[PDB]
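Peer 1: Taken in order, these protein sequences are the chains called B and C.
Residue numbering for the first sequence follows the deposited numbering, starting at 535 and increasing by one per position.
Residue numbering for the second sequence follows the deposited numbering, starting at 920 and increasing by one per position.
So that we are looking at the same thing, I have put the structure below in structure tokens.
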Amino acid sequence: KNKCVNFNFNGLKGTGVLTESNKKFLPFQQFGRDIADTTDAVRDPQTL
Amino acid sequence: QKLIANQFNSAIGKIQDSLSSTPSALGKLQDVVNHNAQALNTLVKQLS
Ligand SMILES: *[C@@H]1O[C@H](CO)[C@@H](O)[C@H](O)[C@H]1NC(C)=O
């Protein structure tokens with residue numbers, strides 16, 4: 535965390551910094567998006 | 920002189936209320952700001 539790296543979560547590949555998010559992902563929600571249809575927050579595999 | 924001074928003071932007093940009461944007196948500058956915001960937001964949304 536806190537250092538921008540390459541991330542590959544379940545086939546979703548990108549670059550950036552990952553931080554502990556304060557979003558309230560409802561239990562049926564996996565990943566979030568922003569106004570331009572790009573991934574903003576993501577849920578981890580293994581530990582949730 | 921006194922009457923002219925009183926008239927000028929009354930007009931300058933009323934001008935602030937005239938600006939404050941009407942919420943569409945400053946429409947040109949707001950239009951400029953809104954146009955820039957709309958153009959940028961549309962350019963962002965075209966990425967989807
Ligand atoms: C393996 O993944 C599961 C979720 O599918 C998780 O519950 C479990 O804790 C993981 N194992 C370890 C050792 O973290």
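Just so it is clear, CB atoms sit at the ideal spot from N, CA and C, and this is done for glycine as well.
#1: Is the CB-CB distance between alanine 575 (chain B) and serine 967 (chain C) below 8 Å?
#2: Start and end of the alpha helix (DSSP H) containing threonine 961 (chain C)?
#3: Strictly closer than 6 Å from CB to any heavy atom of ligand 1: give me those residues in the order they appear in the chain.
#4: Go to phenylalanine 541 (chain B), then tell me how far its beta strand (DSSP E) extends in each direction, as first and last residue.
#5: Whose C-alpha, out of B:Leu546, B:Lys535 and B:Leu582, is nearest the C-alpha of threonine 553 (chain B)?
#6: May I ask you to check if the CB of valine 539 (chain B) is nearer than 7 Å to at least one heavy atom of ligand 3?
Peer 2: In this structure, then:
#1: no
#2: 946 to 964
#3: Selection around ligand 1 by beta-carbon proximity, strictly under 6 Å to any non-hydrogen atom, yields B:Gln580 and B:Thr581 in chain order.
#4: 539 to 543
#5: B:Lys535
#6: Inclusion of ligand 3 in the displayed structure is not the case, the ligand content consisting of ligand 1 alone.
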